[PDB]
Structures are given as C-alpha cells and as structure tokens.
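Per our numbering, the very first residue in the sequence shown carries number 580; after that it's consecutive.
Ideal Cβ placement from N, Cα and C applies to all residues, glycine included.
Worksheet: one structure, shown below.
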Amino acid sequence: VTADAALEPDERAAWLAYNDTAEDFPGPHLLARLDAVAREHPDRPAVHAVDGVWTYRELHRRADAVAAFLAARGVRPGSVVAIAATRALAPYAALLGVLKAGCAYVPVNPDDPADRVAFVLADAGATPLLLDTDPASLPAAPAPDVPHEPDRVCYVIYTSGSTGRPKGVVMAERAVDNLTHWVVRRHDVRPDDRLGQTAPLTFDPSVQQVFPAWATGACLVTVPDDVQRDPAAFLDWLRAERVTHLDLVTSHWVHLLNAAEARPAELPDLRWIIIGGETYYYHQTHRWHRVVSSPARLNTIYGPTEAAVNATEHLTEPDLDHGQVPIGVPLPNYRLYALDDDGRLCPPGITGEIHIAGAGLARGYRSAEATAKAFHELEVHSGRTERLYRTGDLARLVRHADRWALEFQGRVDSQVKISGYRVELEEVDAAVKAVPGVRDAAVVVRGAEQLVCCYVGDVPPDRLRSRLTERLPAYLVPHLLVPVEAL
Ligand SMILES: Nc1ncnc2c1ncn2[C@@H]1O[C@H](COP(=O)(O)O)[C@@H](O)[C@H]1O
Ligand SMILES: [Mg+2]
C-alpha cells in the first residue's frame, strides 16, 4: 500500500535518515521580525538600489504609505497587488507595503510584453494601482491596523510553465518564514552584512536575499542591470560594494568563473554564494577557488518555485576536482522522495522523479487545474501521508562523504534553460513565425548562454528583433537572428 513497500530495511532506513529534517525556529512570525528590526535599528541601511539608500525607518515609512494608499482604494487584506520589478528603491516600498496591508505581491517586469502582463494581472487577481503611480511618492501615513492571520499569502510568482500556460505559484507565510530562518542561520547573516540581489524581483532567488536582509538589520543591495551583463564589471562591483552574500544562477556563475580566470579576483568581504539552477562539476568549482581569493563558500541549492525557492543544499568542497556536485540534503522541514513511474520509492542509487513535501510547499497555483495536476497525497512510509509537489525533475539518492545526498539527473520533459532562464524552444518558434514576413524559423540552443534563430523571411534582423521584443520577454529574444535562404 505504502510507497516504500517493496524496499528492504536498509533501503528504507536510508530514506528515513535522509528526510530526518524537522527543526523548530523561534521568534515571532516573519513580518513581526521585520517590524522589530525597524524598531530596534531605524538608522541602519535597509536597501541600496540604483537611486539611493533607505534607512529601515524610511523603508518602513514609505511602505506604510503604500499600505494606507491600498486601504484607501478598497484593497482589503487577502488581495493580490502587482509591483513593478525594477532595480530602483520604489519596488521595495511597494512589496513591503503590500505585505503590511495584509496582501500578497505579484512582481511584474514593466518591460515585459503588454499581453503577458495582462494575463498575469488577470490570473493573479491583482490590481495594477502600484504599476500606474510611483509607490515611493505616495502621501505619508501610519500603517493601517491589520489583524494578524496565520499563513497569509505573501507572493504570487509566475514561472514559464508551458507555452500559453503561465503558472502563478501562490506562496504563503509559513513557507517564506521557514526559508528566511534557514538563510539567516545557515549563512550566518548579521546586521553588518550586505546581501546582493542578482535576480530581479520577478524570480524567486530575490526572496532569499530580501527577507533575510530585512529580518536581521542587514542591507539589501540590488545588483544593477549594467553590471550583470559584464562579468568582469560584476566581479569588481562585488568588491566595491563589500557584498557578503550573493545569489547566482549556475550559468551566470560560469560567466563569472571565466572572468575570474581572465583576471583573478580578490573578494575579501564575500562569505556565501548561494548558487544553483543547473548541474555543475567539481572541476569547475575547483577552478573557481584557484582564481577567486575569498572566504566565500559555494552553497549549491536545488528547488522549484513551488517549494519556496530552495529544497536541498550542498556545501561545495573546494578540494574536490572531478565529478558532479550533488544537490545535497533537504532544507529544514523539507522532505524529498524519488518515485518511479508507478509511485514507489526508489532504492538508493536508482533514478526517480523528485516529489517534495514539507514546510516550503506553495499553497498551489492560482489555477485549479494546474494545482490538481502537480499537488497530490501519498503514503510514502507506513503511517506517514504526505502532501507532495510533483517536480518533473529526476534524481537518485547517493552516498557522498558519509551521508546520503540527492544527485540531479535531468527532467522528464524537454524544458531547458538559456542564460539560466527556463525556455520552451517551441514558444520562441511560434513567436518568430508569427511575425508577418517570416515564412519559417528554427531556434537552436548554442551553448547554455546563446539562443540562435535561423529564419526564412523578407524582414531584416534588426526589424525582426524590434517585433520580437513587443511579443517575447527580453531574455527569450534570440541572441542571434540569422536570415537564411532555406533551413
Ligand atoms: N542545482 C540544480 N541542479 C540542476 N538543476 C536544477 C538545480 N536547481 C534548479 N534546477 C532545475 O531548475 C528548475 C527550476 O528551479 P529554479 O531555477 O531554482 O527556479 C528545477 O525544477 C530543476 O529542473
Ligand atoms: Mg529554486
């Protein structure tokens, strides 16, 4: 009956040890800890963005004005509110103000195609009030009296899902609080620290940097767009800004490694890089530690948006120089299982599909159908019935050093990543062919870091590029638009 029924006692025992991850965290709930920091450290720098730096006192005052504005416009607790994801100060007042109002934020890239923004607002049930007026200039006010309700939704974040089928992941407070406690404790986040935010607010590694900063008194430092596409400049910016903690996707880190090998870097203030997204190898991380002079350690993480940013972690050993880096052990209060096509727990060493349980799970998606397809219930061990999120990722349980660890093995479908962004190449196919004048087109992955398109048409590449930005997010516009006589 159970999922582990066919396993031998040793195989069962390995999974039981792997998922022995309960941990109790103290203090009040997440927003109360944010307010406590603001009360105790009003003068500390809370956010450093392209147009200046706000103290905790000022960030919370601006957020209070957002919350009062929302209430005055009939936005009651439990609503969803879009925020414009930029690299300036305003989005931070917006997102904090939304939470202070008892609401959840949905981050929107104001440069994204209008059609896609429209879907997000509709699917998220979100008001655009804060997209249409500067949140940072709203009339000053005290924060409205919002009662505490447990496990309020905090954000809805969209992932590409399938073509024509964006998925809005609904994340509630207990998951975000658990994640925040983990970031702070695992990486020793302290009030003097400076947490860089590489990901835009539309991608969930930003959550991992923003809330641990504000829950400790540290400074959130947004990484400017003009340094991200220049890896050499990014390395010098990390030095100049004295950054202590940094989020990176694997493919972006590979560009940094290449820049570091071209000009080795000293980063004495950097202590943690929380890195993940794609498989990488000890021959790469060994190269990194040779050319980056820094105490910085690489914490490899894995996990879908549907399970609160990360689900597993592995501290990368700098001395190892070959083999695949494992994705590691579950975060506190997470449990993960490798299941075969029938739903039985795989023995150690056998590749199965990852199913995730525990404190990090999303409420679900905004859409009921997507929720019913991915979230289910299963008795994995005798007496343990789990709510599970089905990931579509493949992995196997292995011995690494003297403990069990998951090792990533790929996916069950054709989803791939380009410069660290999920892509269905068919979606890019359909966009280019939809441009009037384009007769046919084929989009190919070049690297990891390059999307190359060959197209038959009477339209010059510069003009096709202009048409595609109106239709695709910028990161899905192919890097090379090559006109060909025939494919
Ligand atoms: N450390 C990793 N190694 C390999 N694949 C990963 C890793 N982290 C995330 N992924 C993949 O990227 C998907 C989305 O996760 P994320 O990029 O963290 O939002 C996952 O479902 C996996 O397919
Ligand atoms: Mg993740």
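- In the DSSP assignment, residue 985 falls within the unbroken beta strand (DSSP E) covering 982-990.
- The nearest non-hydrogen atom of ligand 1 is less than 7 angstroms from the C-beta of residue 884.
- If you check the CB distance, residue 999 and residue 775 do not come in under 8 angstroms.
- Residue pairing for residue 872: DSSP places it in a beta bridge opposite 845.
- Within 7 angstroms of the C-beta of residue 888 there is at least one heavy atom belonging to ligand 2.
- According to the DSSP assignment, residue 1022 belongs to the beta strand (DSSP E) that extends over 1017-1024.
- Excluding the 5 residues flanking it on each side, residue 612 has same chain C-beta neighbours closer than 6 angstroms at 606, 794, in chain order.
- Contact annotation, residue 756 with residue 910: C-beta distance approximately 13 angstroms; criterion of less than 8 angstroms not satisfied.
- Checking the 7 angstroms criterion, the Cβ of residue 856 is within range of a heavy atom belonging to ligand 1.
- Straight-line measurement puts the Cα of residue 661 at about 6 angstroms from the Cα of residue 687.
- Contact check for residue 707 and residue 717: beta-carbon distance about 15 angstroms, past the 8 angstroms limit, so the pair fails to qualify.
- Its chain contains 682, 683, 685, 703, 704, 705, 735 as the residues whose beta carbon lies nearer than 7 angstroms to that of residue 659, once the 5 sequence neighbours on both sides are disregarded; these appear in chain order.
- In the three-state reduction of the DSSP assignment, residue 720 falls in the coil class.
- Note: residue 633 is bridge-paired with 626 in the DSSP secondary-structure output.
- For residue 676, the uninterrupted alpha helix (DSSP H) segment begins and ends at 669-679.
- Note that the C-beta distance between residue 777 and residue 827 is below 8 angstroms.
- In the displayed model, residue 745 falls within a strand according to three-state DSSP.
- Relative to ligand 1, residue 990 has its C-beta within less than 7 angstroms of a heavy atom.
- Excluding the 5 residues flanking it on each side, residue 752 has same chain C-beta neighbours closer than 8 angstroms at 608, 609, 610, 729, 730, 731, 732, 733, in chain order.
- Membership of residue 955 in the beta strand (DSSP E) is indicated by the continuous run 954-960.
- Residue 933 is a Cβ neighbour of residue 972, given a cutoff of 8 angstroms.
- Cβ contact annotation for residue 840 (same chain, cutoff 6 angstroms, sequence separation greater than five): 870, in chain order.
- Taking C-beta atoms as the reference points, residue 636 and residue 614 fail to come closer than 8 angstroms.
- Take residue 1018, set aside five residues on each side of it, and the residues of its chain with a beta-carbon closer than 7 angstroms to its own are 1035, 1036, in chain order.
- Of the residues assessed, residue 580 falls on the exposed side of the cut-off, its CB having fewer than 16 other CB atoms within 10 angstroms.
- Looking at the DSSP output, residue 776 shares a beta bridge with 801.
- Beta-carbon to beta-carbon, residue 957 and residue 582 are separated by about 6 angstroms, close enough to satisfy the 8 angstroms threshold.
- The DSSP-derived three-state label of residue 616 is helix.
- Residue 733 has no beta-bridge partner at all, per DSSP.
- Beyond the five residues adjoining it in sequence on each side, residue 714 comes within less than 7 angstroms, by CB distance, of 645, 669, 672, 673, 676 in the same chain, given in chain order.
- For residue 885 against residue 968, the beta-carbon gap comes to about 5 angstroms, under 8 angstroms, which counts as contact.
- Here DSSP, grouped into helix, strand and coil, assigns residue 1041 to helix.
- No heavy atom of ligand 1 is found nearer than 7 angstroms to the CB of residue 930.
- Burial check for residue 787: the Cβ neighbour count within 10 Å reaches 16 or more, so the residue is buried.
- Nearest in C-alpha terms to residue 799, of all of 811, 805, 785, is 785.
- Membership of residue 792 in the alpha helix (DSSP H) is indicated by the continuous run 784-793.
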